[PDB]
Amino acid sequence: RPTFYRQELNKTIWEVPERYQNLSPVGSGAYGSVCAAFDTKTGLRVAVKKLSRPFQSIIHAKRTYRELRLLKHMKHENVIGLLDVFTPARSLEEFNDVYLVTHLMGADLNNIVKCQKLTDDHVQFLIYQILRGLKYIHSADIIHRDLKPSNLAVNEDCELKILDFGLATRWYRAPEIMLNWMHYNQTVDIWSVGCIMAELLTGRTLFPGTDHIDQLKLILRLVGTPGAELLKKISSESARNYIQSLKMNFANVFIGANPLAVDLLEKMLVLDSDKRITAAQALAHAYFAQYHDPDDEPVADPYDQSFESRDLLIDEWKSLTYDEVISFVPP
Ligand SMILES: Cc1ccc(-n2nc(C(C)(C)C)cc2NC(=O)Nc2cccc(Nc3ccc4c(c3)CCCCC4=O)c2)cc1
Ligand SMILES: CCCCCCCCO[C@@H]1O[C@H](CO)[C@@H](O)[C@H](O)[C@H]1O
Ligand SMILES: CCCCCCCCO[C@@H]1O[C@H](CO)[C@@H](O)[C@H](O)[C@H]1O
């Protein structure tokens, strides 16, 4: 057991192991807060997320467990991984705080893009990594749902990790997510990738919607009204009518772009989630020829997500989370 020290951080007492130094707040919200730090034991910069009131309610408790489980499962160099999880608590009884430790890459995608056009080679490398990450995430039957530049952590070498920093926001969201559609394809994340990629290429947000409906109209304007195939999957006449108050050959936005990039964007930014390219297919797309290695695009061990369908008591989510904390083995 490490010795803990306390400090005040993001308006609470953070009790962390001494190996973790130079804790500096980088994000805060209702679900918790995150500090950049330096792990003097591994010599790595790390982000320490302290969960906020993790066992306050069933929802907090199951969220806490969800994230812990997910992070413990992710073992891919393009996906945020759990370097450490700790609690100051010495027993289940006193267990009330969970801290999660991940690599801190240093910047998110916005920081390195800073509203600039990136080179095609650079976009290749970045999107390749995202797709590699996503292939892994998706292979575990997990859908990110909120892929966006701020959830993409990159170091100086532009090595990239996908994470979920939730504690502009709407611009990378797959249209069906915004429409509370509920039967999500993993290609919700592909939509996001297309939005990210487009932005990396052009330096401009693909769909800078002012609000929900504006976002939707911007998407319809670019990719066009639903085709007959897609229309058949929308039950509501009235909704189809409403949509009709609104393709557009991917040329104009992506002028001067590598035609391969455009071809891929076209396969990503398809309204019909059933028809969007998958992460695995995208990885094999010629656009990534420089980086694609079919034998180095790992898939995840199958991920036990049964808990997602469970309505359990706080005590059980807490005890389940506690088990995961105790049984945690660093990389
Ligand atoms: C409820 C719930 C359930 C699941 C998840 N969830 N799902 C995933 C996927 C596996 C991607 C789907 C991943 C998480 N969770 C997760 O990423 N947690 C976490 C933990 C510690 C720190 C951080 N934050 C950062 C880390 C590094 C950096 C930055 C923030 C910001 C910029 C500085 C550079 C940098 O490098 C985020 C989230 C919430
Ligand atoms: C902008 C207004 C039109 C947006 C419609 C987007 C349709 C999304 O695609 C749809 O995703 C569903 C949920 O995964 C799938 O069940 C459907 O089969 C698929 O067509
Ligand atoms: C703003 C323009 C958007 C019009 C609303 C699109 C309607 C999508 O609505 C979705 O359609 C599916 C029916 O096939 C249902 O399974 C979903 O429950 C419903 O949310």
# chains A, B, ... in the order shown; residues from 1 in each chain; ligands from 1
call {"tool": "residues_near_ligand", "arguments": {"ligand": "ligand 3", "cutoff": "12 Å", "atoms": "only C-alpha atoms and all ligand atoms", "output": "MDAnalysis selection string"}}
result
chainID A and resid 175:184 211:220 225:226 229:246 271:272
call {"tool": "write_last_selection", "arguments": {"atoms": "C-alpha atoms", "output": "PDB file, in the first residue's frame"}}
result
ATOM      1  CA  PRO A 175     -27.180  12.815 -36.386  1.00  0.00           C
ATOM      2  CA  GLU A 176     -28.978   9.730 -35.009  1.00  0.00           C
ATOM      3  CA  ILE A 177     -27.485  10.363 -31.544  1.00  0.00           C
ATOM      4  CA  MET A 178     -28.840  13.910 -31.576  1.00  0.00           C
ATOM      5  CA  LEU A 179     -32.161  12.422 -32.613  1.00  0.00           C
ATOM      6  CA  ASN A 180     -32.377  10.133 -29.565  1.00  0.00           C
ATOM      7  CA  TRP A 181     -32.657   7.234 -32.061  1.00  0.00           C
ATOM      8  CA  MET A 182     -31.512   4.620 -29.540  1.00  0.00           C
ATOM      9  CA  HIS A 183     -30.320   1.706 -31.680  1.00  0.00           C
ATOM     10  CA  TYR A 184     -26.813   2.916 -32.221  1.00  0.00           C
ATOM     11  CA  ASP A 211     -28.122  24.500 -32.028  1.00  0.00           C
ATOM     12  CA  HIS A 212     -29.690  21.087 -32.492  1.00  0.00           C
ATOM     13  CA  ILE A 213     -31.876  21.880 -35.517  1.00  0.00           C
ATOM     14  CA  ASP A 214     -29.199  23.966 -37.155  1.00  0.00           C
ATOM     15  CA  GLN A 215     -26.775  21.063 -36.794  1.00  0.00           C
ATOM     16  CA  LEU A 216     -29.260  18.795 -38.520  1.00  0.00           C
ATOM     17  CA  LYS A 217     -29.889  21.214 -41.381  1.00  0.00           C
ATOM     18  CA  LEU A 218     -26.133  21.643 -41.881  1.00  0.00           C
ATOM     19  CA  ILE A 219     -25.790  17.871 -42.081  1.00  0.00           C
ATOM     20  CA  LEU A 220     -28.722  17.542 -44.504  1.00  0.00           C
ATOM     21  CA  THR A 225     -31.977  14.368 -47.808  1.00  0.00           C
ATOM     22  CA  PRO A 226     -32.398  10.696 -46.819  1.00  0.00           C
ATOM     23  CA  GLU A 229     -33.223   3.119 -48.568  1.00  0.00           C
ATOM     24  CA  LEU A 230     -32.724   5.269 -45.470  1.00  0.00           C
ATOM     25  CA  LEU A 231     -36.243   6.650 -45.675  1.00  0.00           C
ATOM     26  CA  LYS A 232     -37.591   3.107 -45.401  1.00  0.00           C
ATOM     27  CA  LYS A 233     -35.949   2.824 -41.955  1.00  0.00           C
ATOM     28  CA  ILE A 234     -37.714   5.860 -40.581  1.00  0.00           C
ATOM     29  CA  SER A 235     -41.108   4.810 -39.366  1.00  0.00           C
ATOM     30  CA  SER A 236     -42.717   8.211 -38.986  1.00  0.00           C
ATOM     31  CA  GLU A 237     -44.282   9.830 -42.014  1.00  0.00           C
ATOM     32  CA  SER A 238     -44.494  13.080 -40.118  1.00  0.00           C
ATOM     33  CA  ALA A 239     -40.777  12.901 -39.326  1.00  0.00           C
ATOM     34  CA  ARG A 240     -39.967  12.156 -42.981  1.00  0.00           C
ATOM     35  CA  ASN A 241     -42.156  15.116 -44.002  1.00  0.00           C
ATOM     36  CA  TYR A 242     -40.373  17.303 -41.444  1.00  0.00           C
ATOM     37  CA  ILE A 243     -36.986  16.162 -42.726  1.00  0.00           C
ATOM     38  CA  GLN A 244     -38.033  17.034 -46.259  1.00  0.00           C
ATOM     39  CA  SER A 245     -37.992  20.686 -45.179  1.00  0.00           C
ATOM     40  CA  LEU A 246     -34.256  20.940 -45.951  1.00  0.00           C
ATOM     41  CA  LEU A 271     -26.486   9.649 -43.149  1.00  0.00           C
ATOM     42  CA  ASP A 272     -27.438   5.998 -43.012  1.00  0.00           C
TER      43      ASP A 272
END
call {"tool": "residues_near_ligand", "arguments": {"ligand": "ligand 1", "cutoff": "8 Å", "atoms": "only C-alpha atoms and all ligand atoms", "output": "ChimeraX atom specification"}}
result
/A:26-27,31,34-36,46-49,63-64,66-68,70-71,74,79-82,100-108,137,142-144,150-155,161-167
call {"tool": "closest_residue", "arguments": {"among": "A:255, A:10, A:196, A:32", "to": "residue 110 in chain A", "atoms": "only C-alpha atoms"}}
result
A:196
call {"tool": "closest_residue", "arguments": {"among": "A:77, A:86, A:193, A:141", "to": "residue 308 in chain A", "atoms": "only C-alpha atoms"}}
result
A:141
call {"tool": "residues_around", "arguments": {"residues": "range 290-301 of chain A", "least_positions_apart": "6", "cutoff": "10 Å", "atoms": "only C-alpha atoms", "output": "short mmCIF file (atom, residue, chain, number, x, y, z; two decimals) with N, CA, C and O atoms, in the first residue's frame"}}
result
data_model
loop_
_atom_site.label_atom_id
_atom_site.label_comp_id
_atom_site.auth_asym_id
_atom_site.auth_seq_id
_atom_site.Cartn_x
_atom_site.Cartn_y
_atom_site.Cartn_z
N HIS A 73 -10.53 -2.45 -19.11
CA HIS A 73 -10.56 -3.35 -20.24
C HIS A 73 -9.68 -2.85 -21.38
O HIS A 73 -9.08 -3.66 -22.08
N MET A 74 -9.59 -1.53 -21.55
CA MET A 74 -8.90 -0.95 -22.72
C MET A 74 -7.40 -1.11 -22.67
O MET A 74 -6.72 -0.51 -21.84
N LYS A 75 -6.87 -1.91 -23.59
CA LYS A 75 -5.45 -2.12 -23.65
C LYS A 75 -5.01 -1.98 -25.10
O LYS A 75 -4.73 -2.95 -25.77
N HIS A 76 -4.95 -0.74 -25.55
CA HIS A 76 -4.65 -0.44 -26.93
C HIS A 76 -3.93 0.88 -26.93
O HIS A 76 -4.33 1.79 -26.18
N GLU A 77 -2.90 1.02 -27.76
CA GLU A 77 -2.11 2.25 -27.69
C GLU A 77 -2.79 3.49 -28.24
O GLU A 77 -2.26 4.59 -28.07
N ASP A 121 -0.55 14.06 -44.92
CA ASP A 121 0.22 13.04 -44.21
C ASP A 121 -0.13 13.03 -42.72
O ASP A 121 -0.33 11.97 -42.12
N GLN A 124 -3.64 11.76 -42.31
CA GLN A 124 -3.56 10.31 -42.43
C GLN A 124 -3.20 9.68 -41.10
O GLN A 124 -3.89 8.80 -40.62
N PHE A 125 -2.09 10.14 -40.52
CA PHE A 125 -1.55 9.55 -39.30
C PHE A 125 -2.55 9.67 -38.14
O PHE A 125 -2.76 8.71 -37.42
N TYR A 128 -5.75 7.64 -38.93
CA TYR A 128 -5.38 6.25 -38.85
C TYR A 128 -5.44 5.79 -37.40
O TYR A 128 -6.04 4.77 -37.09
N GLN A 129 -4.82 6.56 -36.51
CA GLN A 129 -4.80 6.20 -35.10
C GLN A 129 -6.15 6.19 -34.47
O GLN A 129 -6.46 5.29 -33.68
N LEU A 131 -8.91 5.61 -36.04
CA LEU A 131 -9.58 4.45 -36.57
C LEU A 131 -9.06 3.18 -35.95
O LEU A 131 -9.81 2.25 -35.71
N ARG A 132 -7.76 3.16 -35.66
CA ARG A 132 -7.17 2.00 -35.04
C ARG A 132 -7.76 1.85 -33.64
O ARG A 132 -8.27 0.80 -33.28
N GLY A 133 -7.75 2.94 -32.88
CA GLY A 133 -8.42 2.97 -31.60
C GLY A 133 -9.86 2.50 -31.69
O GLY A 133 -10.28 1.63 -30.95
N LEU A 134 -10.63 3.10 -32.60
CA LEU A 134 -12.03 2.78 -32.74
C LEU A 134 -12.27 1.33 -33.09
O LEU A 134 -13.18 0.72 -32.57
N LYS A 135 -11.45 0.78 -33.98
CA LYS A 135 -11.57 -0.63 -34.32
C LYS A 135 -11.54 -1.46 -33.04
O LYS A 135 -12.43 -2.30 -32.82
N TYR A 136 -10.53 -1.19 -32.22
CA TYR A 136 -10.40 -1.82 -30.92
C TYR A 136 -11.62 -1.62 -30.04
O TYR A 136 -12.19 -2.58 -29.56
N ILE A 137 -12.02 -0.36 -29.83
CA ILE A 137 -13.18 -0.04 -28.99
C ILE A 137 -14.44 -0.78 -29.48
O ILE A 137 -15.18 -1.39 -28.70
N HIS A 138 -14.63 -0.75 -30.80
CA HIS A 138 -15.81 -1.31 -31.42
C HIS A 138 -15.79 -2.82 -31.36
O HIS A 138 -16.82 -3.44 -31.31
N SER A 139 -14.59 -3.38 -31.38
CA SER A 139 -14.46 -4.83 -31.31
C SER A 139 -14.89 -5.34 -29.94
O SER A 139 -15.17 -6.51 -29.78
N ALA A 140 -14.94 -4.44 -28.96
CA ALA A 140 -15.40 -4.79 -27.63
C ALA A 140 -16.87 -4.45 -27.48
O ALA A 140 -17.39 -4.35 -26.36
N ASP A 141 -17.54 -4.24 -28.62
CA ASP A 141 -18.94 -3.87 -28.65
C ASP A 141 -19.21 -2.64 -27.79
O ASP A 141 -20.20 -2.56 -27.06
N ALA A 280 -12.74 -0.93 -39.15
CA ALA A 280 -11.86 -1.92 -39.77
C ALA A 280 -11.77 -1.69 -41.27
O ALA A 280 -10.70 -1.77 -41.85
N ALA A 282 -12.34 1.09 -42.87
CA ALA A 282 -11.66 2.36 -43.10
C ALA A 282 -10.14 2.21 -43.00
O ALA A 282 -9.38 2.78 -43.80
N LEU A 283 -9.69 1.40 -42.04
CA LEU A 283 -8.26 1.14 -41.87
C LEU A 283 -7.63 0.56 -43.13
O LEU A 283 -6.47 0.85 -43.41
N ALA A 284 -8.39 -0.25 -43.87
CA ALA A 284 -7.91 -0.88 -45.10
C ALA A 284 -8.07 0.04 -46.31
O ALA A 284 -7.64 -0.30 -47.40
#
call {"tool": "select_by_dssp", "arguments": {"residues": "range 136-273 of chain A", "states": "strand (DSSP E or B)", "output": "ChimeraX atom specification"}}
result
/A:152-154,160-162
call {"tool": "residues_around", "arguments": {"residues": "range 51-56 of chain A", "least_positions_apart": "2", "cutoff": "9 Å", "atoms": "only C-alpha atoms", "output": "count of residues only"}}
result
24
call {"tool": "residues_around", "arguments": {"residues": "residue 260 in chain A", "least_positions_apart": "3", "cutoff": "7 Å", "atoms": "only C-alpha atoms", "output": "list in words"}}
result
residues 263, 264, 286 and 287 of chain A
call {"tool": "atom_distance", "arguments": {"atom1": "CA of residue 41 in chain A", "atom2": "CA of residue 4 in chain A"}}
result
13.8 Å
call {"tool": "atom_distance", "arguments": {"atom1": "atom 8 (C, counted along the ligand's line) of ligand 2", "atom2": "CA of residue 174 in chain A"}}
result
7.7 Å
call {"tool": "select_by_dssp", "arguments": {"residues": "range 27-76 of chain A", "states": "helix (DSSP H, G or I)", "output": "PyMOL selection string"}}
result
chain A and resi 58-73
call {"tool": "atom_distance", "arguments": {"atom1": "CA of residue 113 in chain A", "atom2": "atom 6 (C, counted along the ligand's line) of ligand 2"}}
result
28.2 Å
call {"tool": "residues_around", "arguments": {"residues": "residue 123 in chain A", "least_positions_apart": "5", "cutoff": "9 Å", "atoms": "only C-alpha atoms", "output": "number ranges by chain"}}
result
A: 118, 128, 197, 200-201, 261
call {"tool": "write_last_selection", "arguments": {"atoms": "N, CA, C and O atoms", "output": "PDB file, in the first residue's frame"}}
result
ATOM      1  N   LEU A 118      -4.187  20.881 -41.378  1.00  0.00           N
ATOM      2  CA  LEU A 118      -3.061  19.975 -41.232  1.00  0.00           C
ATOM      3  C   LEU A 118      -2.713  19.396 -42.593  1.00  0.00           C
ATOM      4  O   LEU A 118      -3.552  19.367 -43.490  1.00  0.00           O
ATOM      5  N   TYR A 128      -5.755   7.644 -38.934  1.00  0.00           N
ATOM      6  CA  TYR A 128      -5.375   6.249 -38.852  1.00  0.00           C
ATOM      7  C   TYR A 128      -5.437   5.790 -37.399  1.00  0.00           C
ATOM      8  O   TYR A 128      -6.042   4.771 -37.093  1.00  0.00           O
ATOM      9  N   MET A 197     -11.951  14.405 -39.222  1.00  0.00           N
ATOM     10  CA  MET A 197     -11.089  14.363 -40.378  1.00  0.00           C
ATOM     11  C   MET A 197     -11.301  15.579 -41.279  1.00  0.00           C
ATOM     12  O   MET A 197     -10.344  16.225 -41.694  1.00  0.00           O
ATOM     13  N   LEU A 200      -9.709  18.500 -39.777  1.00  0.00           N
ATOM     14  CA  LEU A 200      -8.262  18.469 -39.851  1.00  0.00           C
ATOM     15  C   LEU A 200      -7.813  18.891 -41.244  1.00  0.00           C
ATOM     16  O   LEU A 200      -6.877  19.659 -41.387  1.00  0.00           O
ATOM     17  N   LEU A 201      -8.525  18.415 -42.260  1.00  0.00           N
ATOM     18  CA  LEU A 201      -8.199  18.725 -43.648  1.00  0.00           C
ATOM     19  C   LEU A 201      -8.427  20.195 -44.008  1.00  0.00           C
ATOM     20  O   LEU A 201      -7.556  20.834 -44.594  1.00  0.00           O
ATOM     21  N   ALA A 261      -8.752  10.967 -49.485  1.00  0.00           N
ATOM     22  CA  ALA A 261      -9.314  11.475 -48.222  1.00  0.00           C
ATOM     23  C   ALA A 261     -10.787  11.761 -48.415  1.00  0.00           C
ATOM     24  O   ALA A 261     -11.620  11.432 -47.575  1.00  0.00           O
TER      25      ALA A 261
END
call {"tool": "residues_around", "arguments": {"residues": "residue 7 in chain A", "least_positions_apart": "4", "cutoff": "12 Å", "atoms": "only C-alpha atoms", "output": "list in words"}}
result
residues 11, 12, 13, 14, 15, 16, 17, 18, 20, 21, 22, 23, 24 and 35 of chain A
call {"tool": "closest_residue", "arguments": {"among": "A:93, A:199, A:274, A:146", "to": "ligand 2", "atoms": "only C-alpha atoms and all ligand atoms"}}
result
A:274
call {"tool": "closest_residue", "arguments": {"among": "A:195, A:222, A:109, A:325", "to": "ligand 2", "atoms": "only C-alpha atoms and all ligand atoms"}}
result
A:222
call {"tool": "closest_residue", "arguments": {"among": "A:228, A:223, A:115, A:268", "to": "residue 248 in chain A", "atoms": "only C-alpha atoms"}}
result
A:223
